[PDB]
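> what shape does this take:
(3 chains)
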Amino acid sequence: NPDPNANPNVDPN
Amino acid sequence: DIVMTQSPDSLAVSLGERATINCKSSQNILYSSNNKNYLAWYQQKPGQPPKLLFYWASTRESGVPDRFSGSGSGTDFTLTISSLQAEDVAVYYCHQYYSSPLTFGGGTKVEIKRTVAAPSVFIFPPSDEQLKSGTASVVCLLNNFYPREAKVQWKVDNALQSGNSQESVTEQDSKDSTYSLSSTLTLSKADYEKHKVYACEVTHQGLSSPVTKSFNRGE
Amino acid sequence: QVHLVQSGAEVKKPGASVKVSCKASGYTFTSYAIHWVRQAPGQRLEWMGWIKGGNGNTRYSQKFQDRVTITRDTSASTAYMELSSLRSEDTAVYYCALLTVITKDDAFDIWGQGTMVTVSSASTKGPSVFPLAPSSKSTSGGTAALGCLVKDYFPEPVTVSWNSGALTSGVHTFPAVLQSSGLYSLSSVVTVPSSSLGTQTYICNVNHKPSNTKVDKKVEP
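Residues are numbered from 1 along each chain as shown, chains lettered A, B, ... in the order given. There you are, the coordinates:
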């Protein structure tokens, strides 16, 4: 599953 | 470390032709919970920072013409330029933001195959300012030509020179898809004054015979 | 317009340290993270790390963890990257970027212009700008070619504009060459109308930020 802190400017939603 | 592998590394097609760029992710970068691939595509022209084209693999950024599309999922992705135009000569990068560290493909250079343009040749005598510093640089200019392959030889008093010139070629022009070349012969002011004829000889498949542009040190 | 303006290119001796800066505008600086990315010679792009412009939390690549510190200044809206104990292999262009801002609100991606860092113990030297004047040897078909020759500078790079940027059509700024003296030399050239050489003025603007030298040179027939 993807790590959401690799780029915190991405909201996965 | 998710490696991103781009294929090809270099592709050249004629104006209007379709270019396809493939990118392999070393790990599956689709997330089945939100049904998103975490991939972007960038475009980079020499001397400039990269320029986003696609996010979530297929989502176009504002400004990007519709001849560009993005597709793919899982481990296999694709950038397509349906009709290559001159403005698209650049280097293209895939890029993933699935996991840390953020990583980037190797790059794919995109060239355009165009018709034969013979160079315009110009020669530039040294300036008096430079001759006050005690050196003399002669500049041969090869403007707007295709293909990039071009030969330049320096002649001083009709003797082929060896080992005192340097030269570079530009990237491909984003208007007419041509290349330009500048060569520089440099000599001490003492050696410059010992000679009369300074000439440059250009070879190119748009020329049926070598072209020489010359000047005499006087004028 | 969102702009990331990045401090000038720099020459540094090995072992020393470099603090490159990234000035934000055009967006709420405290809401997004500033990433730093290295483009090393011919090699690919390399993510170095990010700092979050509100709470200042950083995360670093494992290639640079031990030698780089990224900091921010909420007041000046400026993020900073500091690389220390510099090696000659750190010579690269360093970028700051709001990488993939994909929020439910907005979507953008902005990079700064890059800061070229050259790490070298060689002689530094500003450019000597000599005119390439138009003559009978540089005219053709109603057009004349003229230019500037930017010789004997270290390190890269030099930026060249024409008429403070009013002249962009027909400009060709060549890649620099490396002379056997270890000094660089480039050419910037433009083709202009040959009918208006006595009414028009052509001044090339040469900018070597590694030495903070600017030279303008008027190229006259």
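
> show me what the nearest residue to residue B:107 once chain neighbours are set aside is bridged to.
Nearest residue to residue B:107 in three dimensions, chain neighbours excluded: residue B:91, at 4.8 Å (Cβ to Cβ, 6 or more residues apart in numbering or on different chains). In this view, the C-beta of every residue, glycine as well, is placed from N, C-alpha and C. Using DSSP bridges, the beta-bridge partners of residue B:91 come out as residue B:44, residue B:109.

> residue B:91: what's it in contact with?
Applying Cβ atoms under 8 Å, 6 or more residues apart in numbering or on different chains, we find residue B:91 in contact with B:43, B:44, B:45, B:107, B:108, B:109, B:110.

> type out the PyMOL command that picks the buried ones from these.
Here is the PyMOL command that selects the buried residues among those (16 or more other Cβ atoms under 10 Å in any protein chain shown):
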select buried, chain B and resi 43+44+45+107+108+109+110
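
> farthest pair within the contacts of residue B:91?
Maximum pairwise distance among those (Cβ to Cβ): 13.4 Å, between B:45 and B:108.

> what residues does chain A put near chain C?
Residues of chain A lying close to chain C (Cβ under 8 Å from any Cβ of the partner chain) are A:5, A:7, A:8, A:9, A:10, A:11, A:13.

> I'd assumed the first one was in a strand, is it?
The reference is to residue A:5. No - counting by DSSP: H, G, I helix; E, B strand; the rest coil, residue A:5 is not found in a strand; it is coil.

> grab the nearest non-local neighbour of it.
Nearest residue to residue A:5 in three dimensions, chain neighbours excluded: residue C:59, at 6.5 Å (Cβ to Cβ, 6+ apart).

> name the element that neighbour belongs to?
strand C:58-60 (DSSP states H and E).

> just the buried positions in the following helix or strand past that strand, please.
Per DSSP H and E, the first helix or strand lying C-terminal to strand C:58-60 is strand C:68-73. For strand C:68-73, a neighbour-count test (16+ other Cβ under 10 Å) marks C:68, C:69, C:70, C:72 as buried.

> helices or strands up against strand C:68-73?
strand C:33-39, strand C:45-52, strand C:58-60, strand C:78-83 (3 or more Cβ pairs under 8 Å, 6 or more residues apart in numbering or on different chains; DSSP states H and E).

> can you do 10 Å?
strand C:18-25, strand C:33-39, strand C:45-52, strand C:58-60, strand C:78-83 (3 or more Cβ pairs under 10 Å, 6 or more residues apart in numbering or on different chains; DSSP states H and E).

> out of the ones you listed, which one sits most buried?
By mean neighbour count, with neighbours taken as mean count of other Cβ atoms under 10 Å in any protein chain shown, strand C:33-39 ranks first of the helices and strands packed on strand C:68-73 at a mean of 25.

> so is that strand next to chain A?
Yes - judged by Cβ under 10 Å from any Cβ of the partner chain, strand C:33-39 and chain A are in contact via C:33, C:34, C:35.

> ok, the residues you listed vs residue C:103, which is closest?
For the residues of strand C:33-39 next to chain A, the nearest to residue C:103 is residue C:33 (11.6 Å; Cβ to Cβ).

> residue contacts, the closest one?
By Cβ atoms under 10 Å, 6 or more residues apart in numbering or on different chains, the contact set of residue C:33 is A:5, A:7-10, C:49-55, C:57-59, C:70, C:72, C:79, C:97-99, C:101.

> which bits of chain A sit near chain B?
Those residues of chain A that sit near chain B, judged by Cβ under 10 Å from any Cβ, are A:1, A:2, A:3, A:4, A:5, A:6, A:7, A:9, A:10, A:12, A:13.

> quick revisit: just checking, what packs against the strand holding residue C:59?
strand C:33-39, strand C:45-52, strand C:68-73.

> parallel or antiparallel, list what pairs with it.
strand C:45-52 (antiparallel).

> can you give me the angle the partner strand makes with strand C:18-25?
Orientation note: strand C:45-52 sits at an angle of 60 degrees relative to strand C:18-25 (axes from the mean of the first three to the mean of the last three Cα atoms, to 10 degrees).

> how far does strand C:45-52 sit from the chain's center?
Remark: strand C:45-52 is offset 19 Å from the chain centroid, using Cα atoms, centre = their mean, to the nearest Å.

> coming back round to it: centre of the chain versus the strand holding residue C:59, how much separation?
25 Å.

> again with stretch B:51-67
Centre-to-centre, stretch B:51-67 and its host chain are 23 Å apart (Cα atoms, centre = their mean).

> mind checking the helices and strands packed on strand C:58-60 for the one nearest to residue C:120?
strand C:33-39 (17.1 Å).

> now the angle from the closest one to strand C:78-83?
40 degrees.

> quick one on the thing from earlier: can I get the helices and strands packed on strand C:68-73 in CSV including distance to residue C:210?
Output for the helices and strands packed on strand C:68-73, formatted as CSV (distance: least, Cβ to Cβ, whole Å):
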stretch, distance to residue C:210
strand C:18-25, 12
strand C:33-39, 17
strand C:45-52, 21
strand C:58-60, 27
strand C:78-83, 16
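
> follow-up on the earlier one: what sits up against the strand holding residue C:59?
Outside strand C:58-60, the residues that reach it (Cβ under 10 Å, 6+ apart) are A:5-8, B:100-102, C:33-36, C:47-52, C:65-72.

> what sits against residue 7?
This is for chain A. Contacts for residue A:7 were tallied using Cβ under 10 Å, 6+ apart; they are B:38, B:40, B:96-98, B:100, B:102, C:32-33, C:35, C:47, C:50, C:59, C:98-102.

> actually, chain B is the one I wanted.
Each residue near residue B:7 by Cβ under 10 Å, 6+ apart is listed here: B:20, B:21, B:22, B:23, B:24, B:105, B:106, B:108.

> my guess is the fifth one contacts residue B:39. True?
No - between residue B:24 and residue B:39 there is no contact, the gap being 11.1 Å when judged by Cβ atoms under 10 Å.

> who's in contact with residue B:47?
B:171, C:93, C:113, C:114, C:157, C:159, C:173, C:175.

> and residue C:197, how far from chain B?
Note on residue C:197: its distance to chain B, by Cβ to the nearest Cβ, to the nearest Å, is 14 Å.
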